[PDB]
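J.: Got an experimental structure here, sequence first:
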Amino acid sequence: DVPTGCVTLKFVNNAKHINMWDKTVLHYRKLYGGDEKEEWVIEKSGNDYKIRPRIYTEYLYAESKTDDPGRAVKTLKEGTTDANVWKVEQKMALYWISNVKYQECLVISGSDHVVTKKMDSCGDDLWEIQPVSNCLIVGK
């Protein structure tokens with residue numbers, strides 16, 4: 001079904017991969033839609049999944065309130081969170097991703113924001129999850 005391990009995360013409609021900032025701000029790392037093939041790790045978490053970049057042990061999560069461009073998604077450097085578990089579901093060769101806590105689809109916006117958005121269905125906002133052989137997950 002969903003590949004676990006090292007993957008690339010590419011939003012189909014935009015051709016944008018999830019990229020991250022080089023330097024952590026406060027307790028979080030900012031993300032944006034970019035064109036570089038950033039490597040991420042999908043880990044099984046119960047019936048659902050957690051997501052982290054290959055080189056940092058920081059878990060993808062969704063913020064607690066919705067902003068103008070949508071509910072911001074970033075990785076958690078310091079602290080704890082309840083919104084770091086992701087549903088990842090196959091639709092033929094493509095996937096849609098949804099935050100479990102808030103039931104909102106992960107998406108890259110037209111302005112390159114990485115956000116979740118409540119939709120009747122995530123099935124029109126699909127991701128390309130291409131596995132990356134030679135997967136070196138950094139610990140700490």
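T.: Received it, and whenever you're ready, just let me know what you need. Numbers count the residues shown, from 1 in each chain.
J.: What residues does the spatially most central residue of the chain make contact with?
T.: For the chain, the residue sitting closest to the mean C-alpha position, by Cα atoms, centre = their mean, is residue 60 at 5.7 Å. Neighbour list for residue 60: 40, 50-52, 73-75, 84, 86 [criterion: Cβ atoms under 8 Å, 6 or more residues apart in numbering]. All C-beta atoms are positioned from the backbone trio N, CA, C, and that covers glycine.
J.: same thing with residue 128?
T.: Residue 128 makes contact with 8-12, 94-95, according to Cβ under 8 Å, 6+ apart.
J.: Look up phi and psi at it.
T.: phi -100, psi 120 (degrees, to the nearest 10).
J.: For it, list each beta-bridge partner.
T.: Assessed by DSSP bridges, residue 128 has beta-bridge partners residue 10.
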